[PDB]
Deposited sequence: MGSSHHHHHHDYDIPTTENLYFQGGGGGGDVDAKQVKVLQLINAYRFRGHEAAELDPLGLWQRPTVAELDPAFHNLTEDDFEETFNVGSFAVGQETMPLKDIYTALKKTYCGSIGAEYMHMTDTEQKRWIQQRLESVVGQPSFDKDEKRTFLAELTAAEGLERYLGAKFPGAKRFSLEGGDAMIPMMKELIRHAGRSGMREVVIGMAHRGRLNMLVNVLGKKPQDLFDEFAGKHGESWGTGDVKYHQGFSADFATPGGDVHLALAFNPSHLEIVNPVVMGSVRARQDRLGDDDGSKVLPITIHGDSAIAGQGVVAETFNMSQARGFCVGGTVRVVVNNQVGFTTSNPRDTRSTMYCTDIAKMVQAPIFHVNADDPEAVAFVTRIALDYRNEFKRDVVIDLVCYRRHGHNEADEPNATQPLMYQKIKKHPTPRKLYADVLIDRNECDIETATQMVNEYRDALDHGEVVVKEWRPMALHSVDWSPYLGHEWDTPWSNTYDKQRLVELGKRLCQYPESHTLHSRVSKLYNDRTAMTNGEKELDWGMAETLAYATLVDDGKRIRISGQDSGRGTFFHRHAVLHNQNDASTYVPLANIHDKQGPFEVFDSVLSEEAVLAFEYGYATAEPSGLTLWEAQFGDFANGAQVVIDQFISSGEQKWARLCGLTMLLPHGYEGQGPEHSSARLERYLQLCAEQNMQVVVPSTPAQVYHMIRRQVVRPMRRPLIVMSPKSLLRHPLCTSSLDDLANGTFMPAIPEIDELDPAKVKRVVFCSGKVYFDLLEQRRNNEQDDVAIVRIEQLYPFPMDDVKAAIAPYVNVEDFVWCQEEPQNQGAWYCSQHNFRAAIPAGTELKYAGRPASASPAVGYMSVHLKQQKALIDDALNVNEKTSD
């Protein structure tokens, strides 16, 4: 009934919502943060006399039901306006808001750490500073992307790993960028400092990568036992590694049966400028609770040194007060903490991990710090941030402030802190591992033409097909789906040749029949964009689903196909991380059309095509890219085959253009059964899914094999052949039908199904019979500046007899991939067919 008691409650609520806006977060003290009137008691009409009266605390979780207002006011400022700026009241979940209030408000901001723990934090701050000054002394001017100014991340990361083992987690996977990367390698993951000193000195499998992109694996002793540690390889492109780490841990969580993600912990580290500006951050946040990509939530740490290279003005880097405001899209709590207060850092770190393990949701730690040097060690920061570095020049390091605090508290002494600095310098001189909790951990690279088991028992293959066509009798299907499954029933009885959708389905069935995993993701991949797959049967009565590939037999390998979020960059990065972590199974990503894969171009350029040469990473990821010129316009015709062929080199990737249902069946099986794990780029057909001539028999599947090149199929006279037409994909069936309708027999048509690595022997074998050949033609639907022409012509010339010429037949070069009009498309298609067939 008291009115001021209600005013006290609104004062508490105002600090929970907005206390972070006045918190002393900047270590440099340069921030002049705008005043918030609600934090002032006078805003709530509380006077000096009210401060002496006792009040009930309401839901304020300080640990006593009643206390005087002067003590309530002191409690709020210490809880929410000290070194910790807690941002959590935007969340809608009441239980989670109560959970955070119990952690912070009972502590009243002041964490209690053991003298052993306080010494470990100081020793870890000593390791962070000492390694960085050591590298600056020994290699002056060399780029190292120093952690200095953000030294608290080293105790934070080791406290995160220790708390992860303390909570029974088995593995931790980390994605990070350049900032503090060498510090994380030496002082957390346990890389030998002498090995790091060798890399600065010029001592080095493949073409390699820069020192601050390297990953690492190690075991790490924790109170709860040894934990495996993994630090990802990444390119210079920022933030893209985050989805890749999400895929790796999900592949780990799948293998371990960790359905709630409590055994494998994902940690991503971000820069303040990068996390605000890169769109892949939002795409990954949008996948955090998708059933096909969720990993139980990620702990996300921003090393917020308040500058991006030469850009520090908030009006240039972002549109909001905090770089972490993107996290609000998924209502993640955000803990801003001053980096000069390591105990607040470790205290916020335990809370953020406990929140992640409790509610299985993303959580963000904003480590507000500074950059002691320029963006790199050879760059001048004063030219563009004069005031910031005039303050940094007179700012003591976090180790020195923390040691001074412990000494004034008589929780440490000056000689112990001095011993840490000098002893760590000697340990770097010794060159051995300086991580006391480090522990030792307790191929698939064969050439593409390695022999593999292509055959399958034909009766088992029919038995698998009969099981694929079965579904519960109460699970009513839509009539168009019942029709397609009836066609699939006729294919299993030999009454019809198999179409693309059936041969693709049997390929998955044989792999789960062998216990191999299959994970498919992509937009509308459950049904298929072109209505050909229908891996998921939707009941017409309720909305229940049934997946025949998940019901082959007990003890089968797992099968999953996910309708992916409407994203390409983060999703393709996720599946690359999944396939690299678990190469044994099939991992396939399907673009809706191949034209849209260029939105994930960074994953294609910096991971898929180059990860083996740069990091010795094998990845067997399969990419289905629908492709084909059928008159549907520039964005529904070309998967940009020319770009993938341009990326091919040093056996890095496979580029394949299957033309038969049997070819895609063996192609898929070869990607698992053959002991090689390199990316498989596939030009998926569209009209060929229903082309009457694009069919295969059960004998082609059971006893056939993937053909890198397909010889002439029609009854020709080898001596009468005047021209051989090379081609790939659906253009073959256009050439084949026109050549038959012309009753032509002086023209041979040979398909090159695998465009890279180039199958020279198979191509020469297909061309041997025509001893009277005069010229060779490469026919393609693509414009002359696209497709295989400019990139693969040298391979075609090396295969043909020396006396013959190679000629081009195809669409003219064009700036746009395809014409906007169907009528123009059909006339262009007929011209390239007639030109290829015209002796």
Practice item. No C-alpha coordinates anywhere in a stretch? Then put that deposited-sequence range on the list, in order along the chain. Key: 1-30, 235-237, 476-483, 881-886
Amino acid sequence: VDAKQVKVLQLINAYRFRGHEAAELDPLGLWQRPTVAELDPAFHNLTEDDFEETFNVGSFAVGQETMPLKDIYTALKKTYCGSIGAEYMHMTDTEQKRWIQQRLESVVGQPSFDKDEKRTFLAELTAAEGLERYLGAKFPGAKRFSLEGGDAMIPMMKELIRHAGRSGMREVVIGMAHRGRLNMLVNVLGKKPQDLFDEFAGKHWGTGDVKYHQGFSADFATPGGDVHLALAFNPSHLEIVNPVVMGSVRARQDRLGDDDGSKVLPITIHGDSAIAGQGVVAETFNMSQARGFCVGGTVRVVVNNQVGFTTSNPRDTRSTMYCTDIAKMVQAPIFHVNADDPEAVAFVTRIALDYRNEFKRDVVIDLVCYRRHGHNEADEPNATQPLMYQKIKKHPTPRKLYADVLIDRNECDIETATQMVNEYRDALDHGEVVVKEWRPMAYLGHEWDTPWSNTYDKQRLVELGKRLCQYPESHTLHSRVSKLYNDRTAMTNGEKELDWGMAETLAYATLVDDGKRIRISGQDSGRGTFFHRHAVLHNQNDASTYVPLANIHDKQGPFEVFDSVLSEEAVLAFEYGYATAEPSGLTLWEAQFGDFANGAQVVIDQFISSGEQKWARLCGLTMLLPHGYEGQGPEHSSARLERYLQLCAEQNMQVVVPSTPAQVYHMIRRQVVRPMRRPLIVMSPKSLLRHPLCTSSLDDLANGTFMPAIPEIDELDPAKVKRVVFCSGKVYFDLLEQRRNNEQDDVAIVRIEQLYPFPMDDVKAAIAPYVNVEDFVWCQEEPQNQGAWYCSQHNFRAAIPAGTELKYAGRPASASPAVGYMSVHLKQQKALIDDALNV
From here on, numbers count along this sequence of modelled residues.
Revision key, fill the gap. The stretch whose C-alpha atoms carry the larger average B-factor in the entry, 591-599 or 692-700, is 692-700
Study note, to complete from the structure: Avg C-alpha B-factor, entry values, 785-793 vs 47-55, higher side is 47-55
Review point. So among 395, 475, 643, 328, who wins on Cα B-factor in the entry?
Key: 475
Study note, to complete from the structure: One of 724, 511, 287, 616 has the largest Cα B-factor in the entry, namely 724
Study note, to complete from the structure: For residue 111, the third of its chain by CA B-factor is the highest
Check your understanding: Which third of the chain does residue 137 land in by C-alpha B-factor: lowest, middle or highest?
Key -> middle
Review point. Going by what the PDB entry lists, where does residue 340 fall on CA B-factor within its chain: lowest, middle or highest third?
Key: lowest
Study note, to complete from the structure: Temperature factor at the Cα of residue 664, chain-ranked in thirds, falls in the middle
Point to revise | residue 222 CA temperature factor, ranked by third within the chain | key: middle
